[PDB]
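Just entry-v4.cif here, mmCIF, C-alpha atoms and all ligand atoms:
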data_start
loop_
_atom_site.label_atom_id
_atom_site.label_comp_id
_atom_site.auth_asym_id
_atom_site.auth_seq_id
_atom_site.Cartn_x
_atom_site.Cartn_y
_atom_site.Cartn_z
CA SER R 1 35.52 -9.16 -30.18
CA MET R 2 33.95 -11.10 -33.05
CA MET R 3 30.13 -10.48 -32.91
CA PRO R 4 29.07 -12.76 -35.79
CA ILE R 5 25.82 -11.88 -37.55
CA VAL R 6 24.46 -14.59 -39.79
CA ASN R 7 21.70 -14.08 -42.32
CA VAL R 8 20.15 -17.14 -43.96
CA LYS R 9 17.92 -16.66 -47.01
CA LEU R 10 16.06 -19.78 -48.04
CA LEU R 11 12.86 -21.08 -49.58
CA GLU R 12 9.74 -20.52 -47.48
CA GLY R 13 7.75 -23.29 -45.84
CA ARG R 14 10.35 -24.61 -43.41
CA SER R 15 8.95 -26.30 -40.28
CA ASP R 16 9.40 -24.60 -36.91
CA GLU R 17 11.69 -27.47 -35.85
CA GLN R 18 13.81 -27.14 -39.01
CA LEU R 19 14.15 -23.39 -38.23
CA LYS R 20 14.99 -24.12 -34.58
CA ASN R 21 17.66 -26.63 -35.58
CA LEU R 22 19.07 -24.38 -38.31
CA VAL R 23 19.62 -21.58 -35.79
CA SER R 24 21.30 -23.92 -33.28
CA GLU R 25 23.47 -25.84 -35.76
CA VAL R 26 24.57 -22.74 -37.72
CA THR R 27 25.55 -21.19 -34.38
CA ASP R 28 27.54 -24.34 -33.52
CA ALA R 29 29.30 -24.12 -36.89
CA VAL R 30 30.28 -20.47 -36.48
CA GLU R 31 31.41 -21.01 -32.90
CA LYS R 32 33.62 -24.03 -33.53
CA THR R 33 35.32 -22.74 -36.69
CA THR R 34 36.00 -19.15 -35.57
CA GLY R 35 36.29 -19.36 -31.78
CA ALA R 36 33.59 -16.69 -31.37
CA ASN R 37 31.84 -16.55 -28.01
CA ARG R 38 28.48 -18.25 -28.43
CA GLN R 39 26.64 -15.34 -26.77
CA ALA R 40 27.92 -13.02 -29.52
CA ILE R 41 26.58 -15.15 -32.41
CA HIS R 42 23.32 -13.94 -33.97
CA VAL R 43 21.22 -15.65 -36.63
CA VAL R 44 18.41 -14.24 -38.75
CA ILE R 45 16.36 -16.34 -41.15
CA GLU R 46 14.64 -14.73 -44.14
CA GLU R 47 12.23 -16.98 -46.00
CA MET R 48 11.72 -16.36 -49.72
CA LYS R 49 8.87 -17.15 -52.07
CA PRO R 50 10.02 -19.14 -55.14
CA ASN R 51 8.81 -16.35 -57.44
CA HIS R 52 11.24 -13.94 -55.69
CA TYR R 53 14.57 -15.61 -56.44
CA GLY R 54 16.55 -17.40 -59.07
CA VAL R 55 19.84 -18.40 -60.55
CA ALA R 56 21.02 -18.06 -64.16
CA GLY R 57 18.17 -15.59 -64.73
CA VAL R 58 15.40 -18.12 -64.07
CA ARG R 59 13.18 -17.99 -60.99
CA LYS R 60 12.51 -21.14 -59.01
CA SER R 61 8.75 -20.66 -59.60
CA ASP R 62 9.32 -20.88 -63.38
CA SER O 1 14.18 -25.24 -55.21
CA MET O 2 15.78 -24.32 -51.85
CA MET O 3 18.88 -22.25 -52.84
CA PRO O 4 20.08 -21.18 -49.38
CA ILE O 5 22.29 -18.11 -49.30
CA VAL O 6 24.09 -17.54 -46.01
CA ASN O 7 25.85 -14.28 -45.20
CA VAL O 8 28.21 -14.24 -42.22
CA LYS O 9 29.45 -10.89 -40.94
CA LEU O 10 32.36 -11.25 -38.53
CA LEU O 11 35.38 -9.38 -37.30
CA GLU O 12 38.39 -9.44 -39.65
CA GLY O 13 41.25 -11.58 -38.35
CA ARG O 14 40.43 -15.23 -38.96
CA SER O 15 42.80 -17.21 -41.14
CA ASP O 16 41.81 -18.44 -44.58
CA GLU O 17 41.87 -21.96 -43.10
CA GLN O 18 39.34 -20.95 -40.43
CA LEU O 19 37.15 -19.31 -43.07
CA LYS O 20 37.39 -22.49 -45.23
CA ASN O 21 36.15 -24.47 -42.25
CA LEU O 22 33.43 -21.89 -41.59
CA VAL O 23 32.12 -22.32 -45.15
CA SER O 24 32.18 -26.12 -44.83
CA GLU O 25 30.51 -26.24 -41.43
CA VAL O 26 27.82 -23.66 -42.15
CA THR O 27 27.06 -25.68 -45.28
CA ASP O 28 26.87 -28.89 -43.21
CA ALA O 29 24.50 -27.18 -40.77
CA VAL O 30 22.17 -25.92 -43.50
CA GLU O 31 22.15 -29.28 -45.30
CA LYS O 32 21.41 -31.23 -42.10
CA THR O 33 18.66 -29.06 -40.71
CA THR O 34 16.73 -28.08 -43.86
CA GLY O 35 17.42 -30.92 -46.33
CA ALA O 36 18.70 -28.48 -48.96
CA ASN O 37 20.81 -29.98 -51.75
CA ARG O 38 24.47 -29.25 -50.97
CA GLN O 39 25.14 -27.93 -54.49
CA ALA O 40 22.55 -25.17 -53.87
CA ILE O 41 23.96 -23.91 -50.54
CA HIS O 42 26.01 -20.69 -50.76
CA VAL O 43 28.05 -19.01 -48.03
CA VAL O 44 29.53 -15.49 -48.16
CA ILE O 45 31.79 -14.16 -45.41
CA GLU O 46 31.92 -10.39 -44.95
CA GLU O 47 34.63 -9.09 -42.67
CA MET O 48 33.79 -6.26 -40.28
CA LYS O 49 36.57 -3.85 -39.38
CA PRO O 50 37.58 -3.10 -35.81
CA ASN O 51 35.76 -0.02 -34.50
CA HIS O 52 33.05 -0.36 -37.18
CA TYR O 53 30.42 -2.10 -35.07
CA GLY O 54 28.99 -2.33 -31.60
CA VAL O 55 26.30 -3.47 -29.22
CA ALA O 56 24.63 -1.37 -26.51
CA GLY O 57 25.98 1.76 -28.20
CA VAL O 58 29.61 0.85 -27.43
CA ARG O 59 32.28 -0.61 -29.73
CA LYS O 60 32.30 -4.06 -28.12
CA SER O 61 30.70 -7.46 -28.72
CA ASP O 62 28.00 -8.96 -26.47
CA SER J 1 29.28 11.63 -51.89
CA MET J 2 28.17 9.50 -48.93
CA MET J 3 24.78 7.90 -49.87
CA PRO J 4 24.05 6.11 -46.57
CA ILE J 5 21.80 3.06 -46.75
CA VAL J 6 20.50 1.86 -43.42
CA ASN J 7 18.82 -1.48 -42.85
CA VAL J 8 17.08 -2.10 -39.53
CA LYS J 9 16.05 -5.65 -38.64
CA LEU J 10 13.83 -5.87 -35.59
CA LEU J 11 11.00 -7.79 -33.99
CA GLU J 12 7.66 -7.50 -35.78
CA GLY J 13 4.63 -5.72 -34.36
CA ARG J 14 5.97 -2.17 -34.19
CA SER J 15 3.33 0.58 -34.38
CA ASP J 16 3.20 2.79 -37.48
CA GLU J 17 4.26 5.76 -35.32
CA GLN J 18 7.21 3.83 -33.86
CA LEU J 19 8.27 3.00 -37.47
CA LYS J 20 7.79 6.62 -38.56
CA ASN J 21 9.89 7.89 -35.66
CA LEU J 22 12.57 5.22 -36.14
CA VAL J 23 13.06 6.30 -39.76
CA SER J 24 13.27 9.99 -38.82
CA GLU J 25 15.51 9.61 -35.75
CA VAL J 26 17.89 7.09 -37.37
CA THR J 27 18.22 9.54 -40.27
CA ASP J 28 18.99 12.35 -37.80
CA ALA J 29 21.64 10.17 -36.17
CA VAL J 30 23.38 9.31 -39.45
CA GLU J 31 23.23 12.91 -40.64
CA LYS J 32 24.66 14.52 -37.53
CA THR J 33 27.48 12.02 -36.95
CA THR J 34 28.71 11.66 -40.54
CA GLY J 35 27.82 14.97 -42.20
CA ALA J 36 25.91 13.14 -44.95
CA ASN J 37 23.36 15.17 -46.88
CA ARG J 38 19.94 14.27 -45.49
CA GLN J 39 18.52 13.69 -49.00
CA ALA J 40 21.09 10.93 -49.54
CA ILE J 41 20.15 8.96 -46.38
CA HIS J 42 17.92 5.93 -46.95
CA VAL J 43 16.32 3.68 -44.34
CA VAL J 44 14.71 0.27 -44.76
CA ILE J 45 12.99 -1.58 -41.93
CA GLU J 46 12.69 -5.38 -42.01
CA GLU J 47 10.43 -6.85 -39.36
CA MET J 48 11.21 -10.36 -38.10
CA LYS J 49 9.06 -13.03 -36.51
CA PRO J 50 10.50 -14.26 -33.18
CA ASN J 51 10.78 -17.81 -34.56
CA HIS J 52 13.14 -16.47 -37.30
CA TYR J 53 15.99 -15.11 -35.20
CA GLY J 54 18.11 -15.75 -32.18
CA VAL J 55 21.32 -15.28 -30.29
CA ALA J 56 23.55 -17.93 -28.70
CA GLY J 57 21.73 -20.54 -30.81
CA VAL J 58 18.33 -19.97 -29.18
CA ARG J 59 15.42 -18.35 -31.01
CA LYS J 60 13.40 -15.63 -29.32
CA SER J 61 10.25 -17.75 -29.77
CA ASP J 62 11.81 -20.53 -27.66
CA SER T 1 12.78 -10.13 -27.49
CA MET T 2 13.51 -7.16 -29.81
CA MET T 3 17.19 -7.67 -30.84
CA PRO T 4 17.56 -4.84 -33.37
CA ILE T 5 20.37 -5.25 -35.88
CA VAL T 6 21.21 -2.11 -37.83
CA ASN T 7 23.44 -2.18 -40.90
CA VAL T 8 24.76 1.15 -42.20
CA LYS T 9 26.39 1.23 -45.62
CA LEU T 10 28.27 4.47 -46.24
CA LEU T 11 31.18 5.83 -48.20
CA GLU T 12 34.62 5.06 -46.73
CA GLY T 13 36.32 8.13 -45.27
CA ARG T 14 34.80 8.89 -41.88
CA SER T 15 37.11 8.85 -38.89
CA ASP T 16 36.88 6.18 -36.21
CA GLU T 17 35.59 8.92 -33.89
CA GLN T 18 32.74 9.72 -36.30
CA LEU T 19 31.92 6.02 -36.61
CA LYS T 20 31.95 5.70 -32.77
CA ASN T 21 29.43 8.52 -32.63
CA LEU T 22 27.40 6.92 -35.43
CA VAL T 23 27.12 3.69 -33.42
CA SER T 24 26.10 5.60 -30.28
CA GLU T 25 23.54 7.81 -32.00
CA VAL T 26 21.94 5.09 -34.11
CA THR T 27 21.63 3.10 -30.88
CA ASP T 28 20.02 6.10 -29.14
CA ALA T 29 17.56 6.47 -32.03
CA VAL T 30 16.54 2.81 -31.97
CA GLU T 31 16.18 2.76 -28.18
CA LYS T 32 14.06 5.93 -28.13
CA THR T 33 11.69 5.10 -30.94
CA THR T 34 11.08 1.36 -30.41
CA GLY T 35 11.70 0.82 -26.66
CA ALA T 36 14.28 -1.90 -27.37
CA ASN T 37 16.64 -2.74 -24.52
CA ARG T 38 19.98 -1.02 -25.21
CA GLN T 39 21.96 -4.22 -24.57
CA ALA T 40 20.11 -5.88 -27.48
CA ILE T 41 20.77 -3.15 -30.10
CA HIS T 42 23.55 -3.92 -32.59
CA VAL T 43 25.07 -1.63 -35.21
CA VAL T 44 27.38 -2.69 -38.07
CA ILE T 45 29.00 -0.14 -40.38
CA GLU T 46 29.96 -1.33 -43.86
CA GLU T 47 32.13 1.02 -45.87
CA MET T 48 31.39 1.44 -49.58
CA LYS T 49 34.31 2.21 -51.86
CA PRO T 50 34.39 5.20 -54.18
CA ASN T 51 33.13 4.26 -57.66
CA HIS T 52 31.33 1.18 -56.28
CA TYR T 53 27.84 2.65 -56.04
CA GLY T 54 25.45 5.05 -57.68
CA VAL T 55 21.99 6.47 -58.09
CA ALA T 56 20.20 7.16 -61.39
CA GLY T 57 22.75 4.94 -63.15
CA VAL T 58 25.63 7.34 -62.42
CA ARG T 59 28.39 7.10 -59.80
CA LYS T 60 27.04 9.90 -57.60
CA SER T 61 24.86 10.26 -54.50
CA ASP T 62 21.33 11.72 -54.54
CA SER N 1 35.25 -17.45 -59.73
CA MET N 2 32.82 -14.53 -59.45
CA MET N 3 29.55 -15.91 -57.90
CA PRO N 4 27.46 -12.71 -58.04
CA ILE N 5 24.65 -12.41 -55.50
CA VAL N 6 22.17 -9.66 -56.22
CA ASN N 7 19.60 -8.40 -53.75
CA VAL N 8 16.86 -6.07 -55.01
CA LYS N 9 14.74 -4.22 -52.45
CA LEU N 10 11.74 -2.46 -53.97
CA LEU N 11 8.17 -1.40 -53.34
CA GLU N 12 5.69 -4.27 -53.00
CA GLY N 13 2.95 -5.02 -55.50
CA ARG N 14 5.05 -5.89 -58.54
CA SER N 15 3.39 -8.23 -61.06
CA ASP N 16 4.74 -11.76 -61.45
CA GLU N 17 5.86 -10.86 -65.00
CA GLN N 18 7.66 -7.72 -63.79
CA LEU N 19 9.47 -9.91 -61.20
CA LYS N 20 10.28 -12.54 -63.84
CA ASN N 21 11.69 -9.91 -66.18
CA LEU N 22 13.61 -8.14 -63.40
CA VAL N 23 15.40 -11.38 -62.51
CA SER N 24 16.28 -12.12 -66.15
CA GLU N 25 17.34 -8.58 -67.14
CA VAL N 26 19.35 -7.93 -63.95
CA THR N 27 21.13 -11.23 -64.62
CA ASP N 28 21.85 -10.12 -68.20
CA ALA N 29 23.26 -6.84 -66.88
CA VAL N 30 25.58 -8.50 -64.37
CA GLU N 31 26.73 -11.08 -66.91
CA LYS N 32 27.56 -8.67 -69.72
CA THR N 33 29.34 -6.05 -67.60
CA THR N 34 31.43 -8.38 -65.40
CA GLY N 35 31.94 -11.49 -67.53
CA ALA N 36 30.51 -13.69 -64.76
CA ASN N 37 29.25 -17.11 -65.79
CA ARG N 38 25.47 -16.89 -65.99
CA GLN N 39 25.03 -20.05 -63.88
CA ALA N 40 26.84 -18.33 -61.00
CA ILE N 41 24.55 -15.26 -60.93
CA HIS N 42 21.88 -15.28 -58.22
CA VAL N 43 19.06 -12.78 -57.70
CA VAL N 44 16.81 -12.28 -54.69
CA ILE N 45 13.93 -9.82 -54.62
CA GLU N 46 12.70 -8.37 -51.33
CA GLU N 47 9.46 -6.43 -51.55
CA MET N 48 8.90 -3.60 -49.06
CA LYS N 49 5.77 -1.96 -47.73
CA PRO N 50 5.80 1.84 -48.18
CA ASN N 51 5.55 2.33 -44.40
CA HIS N 52 8.86 0.41 -44.00
CA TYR N 53 11.22 2.63 -45.97
CA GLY N 54 12.13 6.19 -46.72
CA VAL N 55 14.66 8.76 -47.77
CA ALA N 56 15.56 12.04 -46.06
CA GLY N 57 13.82 10.74 -42.92
CA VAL N 58 10.36 10.53 -44.51
CA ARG N 59 8.64 7.24 -45.27
CA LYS N 60 6.99 6.70 -48.64
CA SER N 61 3.67 6.03 -46.85
CA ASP N 62 3.78 9.55 -45.35
CA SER B 1 7.31 5.60 -54.36
CA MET B 2 9.42 2.70 -55.72
CA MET B 3 12.98 3.47 -54.45
CA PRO B 4 14.80 0.34 -55.62
CA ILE B 5 18.01 -0.48 -53.79
CA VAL B 6 20.17 -3.10 -55.47
CA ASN B 7 23.09 -4.75 -53.71
CA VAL B 8 25.55 -6.73 -55.83
CA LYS B 9 28.07 -8.96 -54.08
CA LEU B 10 30.82 -10.14 -56.40
CA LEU B 11 34.42 -11.22 -56.36
CA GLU B 12 36.96 -8.38 -56.13
CA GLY B 13 38.90 -7.85 -59.36
CA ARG B 14 36.70 -5.97 -61.81
CA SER B 15 37.95 -2.62 -63.05
CA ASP B 16 36.26 0.63 -62.08
CA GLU B 17 35.11 0.86 -65.71
CA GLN B 18 33.40 -2.54 -65.46
CA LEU B 19 31.78 -1.52 -62.18
CA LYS B 20 30.59 1.78 -63.79
CA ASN B 21 28.97 -0.27 -66.52
CA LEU B 22 27.50 -2.65 -63.94
CA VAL B 23 25.82 0.27 -62.15
CA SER B 24 24.45 1.64 -65.44
CA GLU B 25 23.17 -1.69 -66.73
CA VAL B 26 21.61 -2.86 -63.48
CA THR B 27 19.87 0.52 -63.37
CA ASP B 28 18.66 0.05 -66.96
CA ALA B 29 17.33 -3.41 -66.07
CA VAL B 30 15.43 -2.19 -63.02
CA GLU B 31 13.98 0.81 -64.88
CA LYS B 32 12.83 -1.32 -67.84
CA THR B 33 11.25 -4.17 -65.94
CA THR B 34 9.57 -2.36 -63.02
CA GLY B 35 8.90 1.18 -64.33
CA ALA B 36 10.79 2.74 -61.41
CA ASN B 37 11.91 6.34 -61.88
CA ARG B 38 15.63 6.30 -62.74
CA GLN B 39 16.44 8.95 -60.11
CA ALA B 40 15.16 6.57 -57.40
CA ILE B 41 17.23 3.51 -58.42
CA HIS B 42 20.32 2.85 -56.27
CA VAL B 43 23.08 0.30 -56.84
CA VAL B 44 25.76 -0.71 -54.31
CA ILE B 45 28.59 -3.08 -55.24
CA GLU B 46 30.18 -5.06 -52.41
CA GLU B 47 33.38 -6.89 -53.26
CA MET B 48 33.89 -10.39 -51.87
CA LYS B 49 37.43 -11.48 -51.16
CA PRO B 50 38.96 -14.63 -52.60
CA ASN B 51 38.57 -17.56 -50.18
CA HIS B 52 35.71 -15.79 -48.35
CA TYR B 53 32.82 -17.55 -50.05
CA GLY B 54 31.71 -20.83 -51.52
CA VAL B 55 29.01 -23.09 -52.85
CA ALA B 56 28.50 -26.77 -51.98
CA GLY B 57 30.79 -26.30 -48.97
CA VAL B 58 33.86 -25.63 -51.16
CA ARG B 59 35.56 -22.33 -51.99
CA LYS B 60 34.41 -22.24 -55.62
CA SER B 61 31.59 -20.68 -57.65
CA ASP B 62 28.73 -22.68 -59.21
ZN ZN R 101 30.00 -23.57 -27.00
ZN ZN R 102 16.23 -8.87 -46.01
ZN ZN R 103 38.87 -11.91 -44.50
ZN ZN R 104 23.82 -9.50 -29.35
ZN ZN R 105 19.54 18.31 -41.46
ZN ZN R 106 27.45 -6.01 -46.59
ZN ZN R 107 35.84 2.33 -42.16
ZN ZN R 108 18.19 8.00 -53.02
ZN ZN R 109 24.97 -15.46 -71.50
ZN ZN R 110 36.05 -3.00 -55.91
ZN ZN R 111 24.43 -21.04 -57.00
#
Can you present the structure in this file as structure tokens?
Ligand SMILES: [Zn+2]
Ligand SMILES: [Zn+2]
Ligand SMILES: [Zn+2]
Ligand SMILES: [Zn+2]
Ligand SMILES: [Zn+2]
Ligand SMILES: [Zn+2]
Ligand SMILES: [Zn+2]
Ligand SMILES: [Zn+2]
Ligand SMILES: [Zn+2]
Ligand SMILES: [Zn+2]
Ligand SMILES: [Zn+2]
Amino acid sequence: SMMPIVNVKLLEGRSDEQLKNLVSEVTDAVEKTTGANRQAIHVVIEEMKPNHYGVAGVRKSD
Amino acid sequence: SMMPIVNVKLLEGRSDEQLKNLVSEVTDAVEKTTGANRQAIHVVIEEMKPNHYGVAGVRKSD
Amino acid sequence: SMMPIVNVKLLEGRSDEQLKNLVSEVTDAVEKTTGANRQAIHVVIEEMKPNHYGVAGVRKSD
Amino acid sequence: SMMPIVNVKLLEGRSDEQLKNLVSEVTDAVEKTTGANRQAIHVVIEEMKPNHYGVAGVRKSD
Amino acid sequence: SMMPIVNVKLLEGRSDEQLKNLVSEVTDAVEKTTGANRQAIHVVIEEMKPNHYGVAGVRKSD
Amino acid sequence: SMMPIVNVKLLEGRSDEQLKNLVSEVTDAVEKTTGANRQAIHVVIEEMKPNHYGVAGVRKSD
């Protein structure tokens, strides 16, 4: 049985409602595309400071 | 800038078409709920092997 | 050689002693079941706020 | 609610029986040391390939 | 196409310049050794408190 | 103590020699920029499968 575990890393400062909706809608997405039982779908959100991530070697804070 | 990175761990056995849809729909969910620019949303699917995970100390899903 | 790396995500607010014991006992568990050298077993704990995770699309804070 | 999620990265090559025991014993360790409800404790084992990891810049364990 | 995603867990308290340089130099390392396009290389830094990690069952704080 | 743990997710298809170099060079980068003792720097390479990841909702790199 599928037990999806979703980790979402994104920029800090999201509203509680944005977080709430992200968890629900990401769960919907996983459920409908894979057929996983909804009760087996887990979501964790990790917020990041802009000085802790980047692309092409340049941090978002810079 | 937002740069969401989504990791999805799930049991091996979905088709490439299902995983294509999973990428699209997780991206839709992140874009809708956080306002992140679509071009900055990344999704990685990691496939778990049978017998390599569990809940409640047993090799089953929830 | 096995080099186990363990990541434990759990609800924030654990006592320092609970954390201490978790690291030791999880290490014991990995060592005894896999035969890994104890010196090669690494544990990281990531504490989560209840508004940053959920199951079945519902956050623990809700 | 607690919802521990434990990820264990370790070298490929353990038997399914050893990995079954690993799931059980990591679950026991988490339950004992944190008080988390057993039904909410999840363990995922990710197998590392030979030559795909290292310590001290060399492809060896500690 | 390669889309490298790098996660660096390390002890908290790094200077902003150390972080900046880590992101740039790790990106250089990935680029030169794999041939990945620099624009596809992503780095996330997760800082850890010494009471949240250990090796051989002993936390750095202890 | 520092104990950096670096995870690198990248598309399957590099040679073992390239991955050896990746481990060495990521280690060099971490050592240079943070001052971490080399013996405490760990690198794990996780290979993503084709069609198992994307950016902008499509199965392509940036
Ligand atoms: Zn449903
Ligand atoms: Zn994390
Ligand atoms: Zn797959
Ligand atoms: Zn669960
Ligand atoms: Zn021992
Ligand atoms: Zn993984
Ligand atoms: Zn295995
Ligand atoms: Zn080590
Ligand atoms: Zn370049
Ligand atoms: Zn490989
Ligand atoms: Zn990108």
Could you put an axis-aligned box around every listed atom of range 12-31 of chain N, padded by 4 Å on each side, and send me its centre and edge lengths in Å to one decimal, as lines of an AutoDock Vina configuration file?
center_x = 14.8
center_y = -8.4
center_z = -60.6
size_x = 31.8
size_y = 16.3
size_z = 23.2
Taking only C-alpha atoms and all ligand atoms and a cut-off of 10 Å, can you tell me which residues surround ligand ZN 106 (chain R), written as a compact mmCIF listing (two decimals) with C-alpha atoms, keeping the file's coordinate frame?
# COMPACT_ATOMS: atom_id res chain seq x y z
CA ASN O 7 25.85 -14.28 -45.20
CA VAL O 8 28.21 -14.24 -42.22
CA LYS O 9 29.45 -10.89 -40.94
CA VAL O 44 29.53 -15.49 -48.16
CA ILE O 45 31.79 -14.16 -45.41
CA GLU O 46 31.92 -10.39 -44.95
CA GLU O 47 34.63 -9.09 -42.67
CA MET O 48 33.79 -6.26 -40.28
CA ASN T 7 23.44 -2.18 -40.90
CA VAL T 8 24.76 1.15 -42.20
CA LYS T 9 26.39 1.23 -45.62
CA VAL T 44 27.38 -2.69 -38.07
CA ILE T 45 29.00 -0.14 -40.38
CA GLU T 46 29.96 -1.33 -43.86
CA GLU T 47 32.13 1.02 -45.87
CA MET T 48 31.39 1.44 -49.58
CA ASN B 7 23.09 -4.75 -53.71
CA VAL B 8 25.55 -6.73 -55.83
CA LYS B 9 28.07 -8.96 -54.08
CA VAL B 44 25.76 -0.71 -54.31
CA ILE B 45 28.59 -3.08 -55.24
CA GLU B 46 30.18 -5.06 -52.41
CA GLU B 47 33.38 -6.89 -53.26
CA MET B 48 33.89 -10.39 -51.87
Write out as a tab-separated table a residue-level contact list of chain O versus ligand ZN 103 (chain R) with cut-off 7 Å: for each qualifying residue the closest pair of atoms and the distance in Å to one decimal, counting all atoms listed in the file, rows sorted by chain and residue number upward.
residue	atom	partner	partner_atom	distance
O:12	CA	R:ZN103	ZN	5.5
O:13	CA	R:ZN103	ZN	6.6
O:14	CA	R:ZN103	ZN	6.6
O:47	CA	R:ZN103	ZN	5.4
* Quick one, how far is CA of residue 1 in chain B from CA of residue 18 in chain J? ->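 Interatomic distance, CA of residue 1 in chain B to CA of residue 18 in chain J: 20.6 Å.
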Taking a cut-off of 9 Å and counting only C-alpha atoms and all ligand atoms, can you build a table that, for each residue of chain J near ligand ZN 104 (chain R), reports the nearest atom pair and how far apart they are in Å (one decimal), sorted by chain then residue number, as JSON lines?
{"residue": "J:54", "atom": "CA", "partner": "R:ZN104", "partner_atom": "ZN", "distance": 8.9}
{"residue": "J:55", "atom": "CA", "partner": "R:ZN104", "partner_atom": "ZN", "distance": 6.4}
{"residue": "J:56", "atom": "CA", "partner": "R:ZN104", "partner_atom": "ZN", "distance": 8.5}
* Using all atoms listed in the file: which of R:11, R:57, R:25, R:62 has the shortest distance to ligand ZN 109 (chain R) ->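 Using all atoms listed in the file, ligand ZN 109 (chain R) sits closest to R:57.
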Taking all atoms listed in the file into account, produce a table as CSV in which each residue of chain N with an atom at most 8 Å from an atom of ligand ZN 111 (chain R) appears once, together with its shortest atom pair and the distance in Å to one decimal, ordered by chain and rising number.
residue,atom,partner,partner_atom,distance
N:3,CA,R:ZN111,ZN,7.3
N:39,CA,R:ZN111,ZN,7.0
N:40,CA,R:ZN111,ZN,5.4
N:41,CA,R:ZN111,ZN,7.0
N:42,CA,R:ZN111,ZN,6.4
Resulting file, chosen residues, C-alpha atoms, as an mmCIF file, in the frame of the given file:
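The resulting file, part-v4.cif, is shown below:
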data_model
loop_
_atom_site.group_PDB
_atom_site.id
_atom_site.type_symbol
_atom_site.label_atom_id
_atom_site.label_comp_id
_atom_site.auth_asym_id
_atom_site.auth_seq_id
_atom_site.Cartn_x
_atom_site.Cartn_y
_atom_site.Cartn_z
ATOM 1 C CA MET N 3 29.550 -15.910 -57.900
ATOM 2 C CA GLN N 39 25.030 -20.050 -63.880
ATOM 3 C CA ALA N 40 26.840 -18.330 -61.000
ATOM 4 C CA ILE N 41 24.550 -15.260 -60.930
ATOM 5 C CA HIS N 42 21.880 -15.280 -58.220
#
* Asked: Using only C-alpha atoms, which of T:10, T:2, T:28, T:17 sits nearest chain B?
  ->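 Among the listed residues, the smallest separation from chain B belongs to T:10.
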* Determine the nearest neighbour of chain J from the options R:43, R:36, R:22, R:29, counting only C-alpha atoms. => R:43
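Here the question is which of N:50, N:6, N:33, N:15 gets nearest to ligand ZN 102 (chain R) using only C-alpha atoms and all ligand atoms, and that residue is N:6.
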* Identify, counting all atoms listed in the file, the protein, DNA and RNA residues located within 8 Å of ligand ZN 105 (chain R), and give them as a ChimeraX atom specification. => /J:28,31-32,37-38
* To do: List every protein, DNA or RNA residue with an atom no more than 7 Å from (14.3, -18.9, -38.2) in the file's coordinates, counting only C-alpha atoms, and format the result as a list in words.
  =>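 Checked against the point, the hits come out as residues 19, 20, 23, 44 and 45 of chain R; 51, 52 and 53 of chain J.
Minimum distance to chain R across O:35, O:4, O:16, O:24 (counting all atoms listed in the file) occurs at O:4.
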* Length of the CA of residue 5 in chain N to CA of residue 30 in chain T vector [Å] -> 29.2 Å
* Expressed in Å to a single decimal, how great is the separation between CA of residue 60 in chain T and atom ZN of ligand ZN 102 (chain R)? -> 24.6 Å
